[PDB]
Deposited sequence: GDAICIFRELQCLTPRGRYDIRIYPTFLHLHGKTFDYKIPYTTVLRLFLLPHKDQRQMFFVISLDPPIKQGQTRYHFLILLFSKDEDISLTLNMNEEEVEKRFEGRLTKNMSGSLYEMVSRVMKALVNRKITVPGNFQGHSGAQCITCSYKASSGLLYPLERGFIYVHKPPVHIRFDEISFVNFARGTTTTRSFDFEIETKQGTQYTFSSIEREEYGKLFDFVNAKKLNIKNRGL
């Protein structure tokens, strides 16, 4: 049919449920059991691939504007050991021409990477992944609370992203300063527009690496 390809029964966290993702040339169709949304690629502002602290799962984060209750991110969750092979409903010459060589007609790989590879090609944006941050445990994120719900905080190369309820993305160039506060401890970020995010209940043993990281990134600390 129209679709370049279809990804079936993908785990979505925002909104929650399993959805098919039908990939068309100018939009994707997120097809759920009850709800449906068209998402033009022009509304996709950023992409992130984030390793779950459990070492078994991967988040794929699609930042949306306008949002999809409103969801400013489409967050998909995968197990790292899920594999897929795909045949695009296209000829090879058209595939090369449409996607600058980023895709081929027949592809195979990890499911999370296949979805992100097709999305990256369709929205023409790079996938942001973690840099060198490592927490106390060795993971590339930190367990914490945000708006009285638990999640994971990712210190990236140029920003912070928290997942998943609700998700939050903050660029370093939007930050005026950071603060380390009493409770476990609280990590506070004040933006240049004078608003605040608090990631609370961070286990004490995470302090020094988070402190070292924000220092390395030349963020002001107004303790």
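Of the deposited sequence, positions 69-72, 188-192, 233-235 lack any modelled C-alpha atom.
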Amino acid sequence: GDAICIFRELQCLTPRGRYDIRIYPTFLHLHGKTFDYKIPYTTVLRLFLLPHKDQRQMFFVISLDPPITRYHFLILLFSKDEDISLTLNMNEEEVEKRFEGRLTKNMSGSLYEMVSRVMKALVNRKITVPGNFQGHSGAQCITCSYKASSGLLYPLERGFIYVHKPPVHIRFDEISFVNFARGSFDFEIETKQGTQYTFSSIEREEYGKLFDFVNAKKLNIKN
From here on, numbers count along this sequence of modelled residues.
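For the two regions 154-162 and 191-199, the entry's Cα B-factors average higher over 191-199. As recorded in the PDB entry, 33-41 is the stretch of 33-41 and 57-65 with the greater mean C-alpha temperature factor. The residue among 128, 104, 79, 108 whose C-alpha carries the highest B-factor in the deposited model is 104. In this PDB entry, the Cα temperature factor of residue 9 sits in the bottom third of its chain's modelled residues, the lowest group. Per the deposited record, the Cα B-factor of residue 50 falls in the lowest third when ranked against the other modelled residues of its chain. Per-chain ranking of the deposited C-alpha B factor places residue 71 in the middle third.
Ranked by Cα temperature factor within the chain, residue 20 sits in the lowest third according to the deposited record. Residue-level temperature factors show residue 133 in the middle third of its chain, judged at the C-alpha atom.
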